[PDB]
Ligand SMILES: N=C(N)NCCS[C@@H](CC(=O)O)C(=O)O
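Encoded as structure tokens, the following chain is the form deposited without this ligand, with no partner shown.
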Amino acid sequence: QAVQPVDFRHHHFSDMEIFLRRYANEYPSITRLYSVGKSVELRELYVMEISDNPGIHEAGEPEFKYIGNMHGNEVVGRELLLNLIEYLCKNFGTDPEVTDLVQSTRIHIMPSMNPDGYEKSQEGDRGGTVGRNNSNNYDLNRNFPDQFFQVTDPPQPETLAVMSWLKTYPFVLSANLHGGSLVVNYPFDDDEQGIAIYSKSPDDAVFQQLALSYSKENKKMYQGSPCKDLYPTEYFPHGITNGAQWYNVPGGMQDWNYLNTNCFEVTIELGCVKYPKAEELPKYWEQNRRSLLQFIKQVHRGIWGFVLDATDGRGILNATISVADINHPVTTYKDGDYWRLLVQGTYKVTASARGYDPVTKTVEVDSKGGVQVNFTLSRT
């Protein structure tokens, strides 16, 4: 019933700009196209906001983001996100699922974090590196401040642009896309020793759930074998892998998110062939569409609510939501709204807050959707 995309082709900057603007103009009521800075070579770092209320963060509405093409020659991501912009804009109103999604979530899509790199890439490139780095030749996914290793590559404009952006909005869930393998990689990406060993995050459980939500839907990925004849040593049970255990990555964007914002991000490898021929494109969409969809929905699971100031009766800003035995607290936005991803199980959440008295409620998250929980705090 829902309308599938049709524009299945590699989109160079010029056309991606065109494509993007066409949708920004054709559905002005659902979209908001903006830039977040400029690549070294001055190419806009475009993002397509898709909400039934473009431009504004409404209270209790979770903010989600997808990022693709961080590595210039890893193209599948870029195209899939365009396919998505289309699919979403086209089915909004007509299709129940899409309409529901665009209404309940504020989706932000950036098809290419490294557009300069893309332009220097070669179609057909399977495992190469030409165009991977940015214009100054640094790995944008080694360019972020790492928690263990101390990054040395100078901060690149695409990096800075994006860091700022991650601070600008209350991003809850996110996924940045790649190519070179088929698996959804989760935190941590590295370890104190800098070796390929499992490096567990406080939120290990949730992450496994998140990664699986996507991999479960991409059939060949779920199988665990990315490409038996190329990289025959790779085997990922159910298509997900802790980053560090696969191989140590210091300076990545994935862990930065987690460690410096409330956002929880996963790295998705869409296939061993980095830059496949344009003909394969539609197949990549058919294989990831349900995945991309199912993944976004996860932004709703867990717990959410507001931290209301008992005397005003209104939201407190930057209150802290702490959970049972998970050492990764979460903060609240301007309307005191908060979102905390968790797995089915019973927890003990505590709303902390400067100048207020902490409250602790026992909450019960189950298999399905998210539970709403409000914390009213008195002063001192």
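Numbering starts at 1 and follows the sequence shown.
There is another form of this protein, the form deposited with this ligand bound, and it is not shown here; the text below is about that form.
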Any idea which of 223 to 231, 91 to 99, 294 to 302, 173 to 181 reaches within 4.5 Å of this ligand in the deposited bound form, heavy atoms considered? 173 to 181
Taking this ligand in the deposited bound form as the reference, which of 265, 158, 74, 79 has a non-hydrogen atom within 4.5 Å? 74
Position in contact with this ligand when the complex is considered in the deposited bound form, options 243, 115, 239, 111, heavy atoms within 4.5 Å: 243
Is it the case that residue 106, even though its partner is missing from this view, gets within 4.5 Å of this ligand in the deposited bound form, heavy atoms only? no
Residue-level question: is residue 249 within 4.5 Å of this ligand in the deposited bound form, judged on heavy atoms? yes
This ligand contact in the deposited bound form: residue 185, any heavy atom under 4.5 Å: yes
Using the partner position in the deposited bound form, report whether residue 142 sits within 4.5 Å of this ligand, counting heavy atoms only. yes
